[PDB]
Amino acid sequence: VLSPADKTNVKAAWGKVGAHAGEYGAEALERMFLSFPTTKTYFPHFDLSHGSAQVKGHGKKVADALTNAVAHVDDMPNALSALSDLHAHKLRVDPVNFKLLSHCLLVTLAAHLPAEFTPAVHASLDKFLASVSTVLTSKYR
Amino acid sequence: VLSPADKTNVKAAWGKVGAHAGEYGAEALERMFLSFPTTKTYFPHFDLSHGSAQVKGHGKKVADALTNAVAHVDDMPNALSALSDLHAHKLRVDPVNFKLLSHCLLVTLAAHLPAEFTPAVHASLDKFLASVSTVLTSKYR
Amino acid sequence: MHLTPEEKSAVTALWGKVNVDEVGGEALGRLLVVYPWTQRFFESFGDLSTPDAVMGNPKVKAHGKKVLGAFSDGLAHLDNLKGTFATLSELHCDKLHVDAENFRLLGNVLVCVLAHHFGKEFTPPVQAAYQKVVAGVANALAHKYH
Amino acid sequence: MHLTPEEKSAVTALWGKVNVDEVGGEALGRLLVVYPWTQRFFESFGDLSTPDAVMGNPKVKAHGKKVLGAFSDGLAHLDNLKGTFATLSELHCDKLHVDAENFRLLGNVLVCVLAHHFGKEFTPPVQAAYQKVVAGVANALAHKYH
Ligand code: HEM
Ligand code: HEM
Ligand code: HEM
Ligand code: HEM
């Protein structure tokens, strides 16, 4: 579970992201597509070329959902219900991919928040992302 | 989340195991050591040779814990707290290993309960071993 | 592969006793039942609403046999699974858009099906050799992913 | 290890700028902090009770450098990781009893560490190349496990 300390770390780190969340969401996706090409099998309908608007468009929706989870850190199961149903019943994204995107989001944050990305915050962000993945995968079967 | 049908399925399948739980436990361990040699790193103090008394014993302990989990499928978290603590704070087994033992447990059940190991039961057992795994790795960090 | 002649012989010897028809249908069927998210690729096969609808589906059974068949040929080319599955790899990637992780799910389901069928005969050592083959196969099928 | 000429150039060029002293200790420390169960291997290192106790531990710092030095050598032999890492693989298995999964956890932490240090210079394509390398090294360190 997320400790009070964990919650503080996340709010502060996400806090700093601010208005760049969407740009960071886009970048995380891009890093994921490049490092783990199997993930692209889920976006066959997308232009995955560099600077694709589709990717920019999608990165923002992903960032918004994370921004929403931070906002409702104490009720994540409910705040993300909808996204969980969608991923489980419509998209049917294999669960391993959540870990790949999480990893890419950490790298993205690390690359942009040098001062904030401390060992303790890095641990809190990992646990957080793991919690979000867990929720989004809870209604799979 | 285990459905009532899953719960039924498990109780039914495990009911059939009966006095053989311990043997199935020792066989599942044996299959994991053999199939996934990295799992052996956790038992440097054991004689891992075929028919080892240590392996036989340990087989019984795991099988017994599973039995207790079936009995309290409604309250696993509490039925398994101590075990979650041991694994999380004492043994500190990497979480990936749980999936390997689970798989070997299914393999063993399949080979011993041909009539009972139906597609619906296989899925329930799979979900069950996954819930058990979740509980046991829940206090890791 | 990194199969010992002994492991090679174990795999091969058991395979000889395999009823491809029954095993292929069962392996594909359990895949769709156990990991329902894999049904996303077989929408056109029909009603997969239930275990029973899935196991009885002839399209599932027939495709399972086509799948175990390819598997069989790979067992005939264990020293070059890569070259044997190159065409099938690009198809699964470029045409089918199938997450390569599904190859691993299927491999494990297969092991469970061999255990179910062969019982006592599917020993820890035989299982160990088959774990290596399924991993090999799964890697070969994902090799041309880009 | 499908390192294209360009991936290899990319890996190497960046590695040119790394202070192995530094990065080694950050990566090892971060491991012990993010995945606390990994502390199991180092109870002889003293206090690992808090992030500061871990990150500033002279023992973690010195061990990390030893590790990055070993890693550094693998980068000079991208051609032969298995041979390069064989005696270390055997050591970690047989004498240290280190679960091989630990090598992939470290690889990921190292990637976060390179990102942390290089900022914008650790581009998506550079990450992809490093991803291939740490998997390569993890596999070479696990090669002799039995
Ligand atoms: C923490 C992780 C994730 C979050 C927060 C997230 C969130 C979202 C959101 C907000 C949407 C848009 C839904 C809408 O139309 O309103 C979406 C769609 C989608 N997601 Fe995720 N997702 C996550 C993980 C993943 C992963 C790991 C994959 C696959 C590699 C994935 C694949 C997809 C796909 C294919 C769509 C539909 C896109 C389209 O057709 O426009 N998601 N997700
Ligand atoms: C289904 C999941 C599991 C269950 C129910 C389980 C159950 C148990 C039980 C009942 C014990 C003995 C506690 C006692 O001595 O009172 C134990 C100990 C232990 N477990 Fe697990 N375990 C599971 C998974 C794992 C896995 C996956 C590993 C590592 C690969 C592991 C490693 C160990 C070790 C090393 C010990 C101590 C053995 C000894 O020193 O005697 N466990 N476990
Ligand atoms: C060992 C693993 C596998 C092997 C050897 C294999 C082999 C094959 C073969 C031989 C075909 C024939 C298609 C053609 O020639 O046009 C095929 C098609 C296909 N495969 Fe696989 N496959 C494997 C795993 C999977 C998995 C796990 C999935 C998804 C869960 C998958 C999805 C598909 C689909 C959707 C088709 C198209 C069938 C159709 O045309 O309706 N494959 N596969
Ligand atoms: C890139 C991966 C790694 C490399 C290149 C590496 C390299 C090394 C080297 C060069 C040594 C010293 C050998 C000796 O004492 O003769 C060592 C020792 C050791 N390694 Fe690793 N290692 C790696 C990953 C790990 C991981 C992930 C762990 C556990 C989390 C680990 C556990 C150990 C331990 C416990 C020792 C001995 C510590 C002591 O002196 O008390 N290694 N490793």
Side-chain angles (χ1 to χ4, degrees), chain A residues 95 139-141, chain B residues 1-25 27-28 31-32 62-74 76 79 98-135, chain C residues 19 22-39 47-57 60-61 64 105-122 127 130 134:
Chain A
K139 295 156 177 218
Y140 268 59
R141 45 166 200 170
Chain B
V1 64
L2 283 170
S3 78
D6 283 328
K7 294 192 229 211
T8 307
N9 288 345
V10 172
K11 296 169 183 277
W14 206 258
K16 289 299 154 40
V17 160
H20 296 300
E23 322 177 358
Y24 296 178
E27 185 179 319
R31 302 177 171 273
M32 189 194 57
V62 179
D64 284 3
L66 290 186
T67 298
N68 175 73
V70 175
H72 312 74
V73 52
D74 282 320
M76 278 195 298
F98 290 85
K99 305 189 106 251
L100 311 177
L101 214 219
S102 296
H103 171 70
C104 294
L105 236 16
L106 273 192
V107 171
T108 311
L109 291 177
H112 287 280
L113 305 190
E116 295 79 5
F117 206 68
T118 67
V121 175
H122 174 174
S124 289
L125 275 171
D126 195 52
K127 289 181 46 182
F128 172 74
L129 289 163
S131 331
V132 166
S133 289
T134 298
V135 170
Chain C
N19 177 322
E22 299 181 313
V23 165
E26 215 188 280
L28 200 56
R30 280 161 186 272
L31 173 89
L32 304 191
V33 172
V34 185
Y35 313 102
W37 56 93
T38 61
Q39 304 170 7
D47 155 46
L48 305 157
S49 314
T50 65
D52 320 284
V54 169
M55 321 292 302
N57 191 302
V60 158
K61 304 144 107 85
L105 286 190
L106 175 56
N108 290 338
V109 170
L110 180 59
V111 164
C112 289
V113 167
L114 306 166
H116 186 45
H117 279 243
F118 293 106
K120 43 180 116 216
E121 231 156 305
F122 196 69
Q127 172 185 354
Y130 269 92
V134 299

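A note on names: the letters A, B, ... follow the listed sequences, proteins ahead of strands, and every chain is numbered from 1.
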Chemist: Quick check: closest heavy atoms across C:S49 and C:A53, and the distance to 0.1 Å?
Modeler: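 That closest heavy-atom pairing would be N-CB, 4.0 Å.
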
Chemist: What are the two closest heavy atoms between B:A28 and B:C104, and how far apart are they?
Modeler: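 Looking at all heavy atoms of both residues, the shortest contact is O-CB, 3.4 Å.
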
Chemist: Flag the pair C:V23 / C:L110 as yes when at least one side-chain heavy-atom distance between them is below 4.5 Å, and no otherwise.
Modeler: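 Yes, at least one pair of side-chain atoms sits under 4.5 Å.
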
Chemist: Please name the pair of heavy atoms, one in B:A13 and one in B:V121, separated by the smallest distance, quoted to 0.1 Å.
Modeler: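 It is CB-CG1, 3.8 Å.
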
Chemist: Is the count of non-hydrogen atoms from other residues, nucleotides or ligands lying under 6.0 Å from A:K139 atom NZ greater than 12?
Modeler: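 More than 12 within 6.0 Å, yes.
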
Chemist: I'd like to check the side chain to side chain donor-acceptor pair (under 3.5 Å) partners of C:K61; sequence neighbours left out, ordered by chain and number.
Modeler: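 Result, side chain to side chain donor-acceptor pair (under 3.5 Å) vs C:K61: none returned.
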
Chemist: Using the ring-ring contact (aromatic ring centres under 6.0 Å, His included) criterion, which residues pair with B:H20? Sequence neighbours excluded.
Modeler: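 If we apply the ring-ring contact (aromatic ring centres under 6.0 Å, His included) test to B:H20, skipping adjacent residues, the hits are B:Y24.
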
Chemist: Does the side chain of B:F98 come within less than 4.5 Å of B:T134's, by heavy atoms?
Modeler: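 A side-chain contact is absent here, since even the closest heavy-atom pair is not under 4.5 Å.
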
Chemist: With no hydrogens and no angle check, is any side-chain donor or acceptor of B:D126 less than 3.5 Å from a backbone partner on B:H122?
Modeler: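 Looks like no, no N/O pair under 3.5 Å.
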
Chemist: Can you measure from CE (B:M32) to NE2 (B:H103) and round to the nearest 0.5 angstrom?
Modeler: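 Between B:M32 CE and B:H103 NE2, I get 11.5 Å after rounding to 0.5 Å.
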
Chemist: Mind listing the closest non-hydrogen atom pair of B:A69 and B:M76 along with its distance?
Modeler: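 B:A69 and B:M76 have their closest heavy atoms at O-CG, 3.9 Å.
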
Chemist: Could you tell me which non-hydrogen atom of B:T67 sits nearest to which non-hydrogen atom of B:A21, and how far apart they are?
Modeler: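 So the minimum-distance heavy-atom pair works out to OG1-CB, 4.5 Å.
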
Chemist: Side chain to side chain contact (heavy atoms under 4.5 Å, CB included) for C:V54 and C:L28? Distances and angles first, verdict last.
Modeler: CA-CA 9 Å; C:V54 169; C:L28 200 56; over 6 Å; no

Chemist: Give me the atom names and distance for the closest heavy-atom approach of B:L106 to C:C112.
Modeler: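 In this case the closest contact between B:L106 and C:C112 is CB-SG, 4.3 Å.
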
Chemist: Is the side chain of A:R141 donor-acceptor paired with the backbone N or O of C:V34 at a distance under 3.5 Å, no angle test?
Modeler: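 It does hold such a pair.
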
Chemist: May I ask you to decide if B:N68's main-chain N or O and B:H72's side chain share a donor-acceptor pair within less than 3.5 Å?
Modeler: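 Yes.
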
Chemist: Please report the interatomic distance CG(B:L2) to CG(B:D74), rounded to the nearest 0.5 Å.
Modeler: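 With rounding to 0.5 Å, CG (B:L2) is 9.0 Å from CG (B:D74).
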
Chemist: Closer than 3.5 angstrom, by distance alone: can the side chain of C:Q39 be matched with the main-chain N or O of C:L32 as a donor-acceptor pair?
Modeler: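 Side chain of C:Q39 to backbone of C:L32: a pair is present.
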
Chemist: Quick one: CG on B:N9 to NZ on B:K127, what's the gap to the nearest 0.5 Å?
Modeler: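 Rounded to the nearest 0.5 Å, the CG-NZ separation comes out at 10.0 Å.
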
Chemist: I'd like to check C:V60 versus C:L48 (side-chain heavy atoms, cut-off strictly below 4.5 Å). Are they in contact?
Modeler: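 In short, these two side chains touch, coming nearer than 4.5 Å.
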
Chemist: Under the rule for side chain to side chain donor-acceptor pair (under 3.5 Å), what residues qualify as partners of B:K16, not counting sequence neighbours?
Modeler: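 B:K16 satisfies side chain to side chain donor-acceptor pair (under 3.5 Å) with no other residue.
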
Chemist: Apply side chain to side chain donor-acceptor pair (under 3.5 Å) to C:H117 and C:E26, showing your working.
Modeler: CA-CA 10 Å; C:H117 279 243; C:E26 215 188 280; 3.1 Å; yes

Chemist: Taking the side chain as C-beta and beyond, is there a heavy-atom pair between C:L105 and C:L31 under 4.5 Å?
Modeler: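 Yes, close enough: below the 4.5 Å cut-off.
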
Chemist: Working to the nearest 0.5 Å, report the span between CG of B:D6 and NZ of B:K11.
Modeler: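 One gets 12.0 Å once the value is rounded to the nearest 0.5 Å.
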
Chemist: Out of curiosity, B:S124 OG to B:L129 CG, how far, rounded to the nearest 0.5 Å?
Modeler: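 It is 11.0 Å, given to the nearest 0.5 Å.
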
Chemist: Once you round to the nearest 0.5 Å, how far does CG of B:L125 lie from CG of B:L105?
Modeler: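 If I round to the nearest 0.5 Å, the distance is 9.0 Å.
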
Chemist: Can you find a heavy atom in the side chain of C:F122 that is under 4.5 Å from one in the side chain of B:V107?
Modeler: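 C:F122 vs B:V107: side chains touch.
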
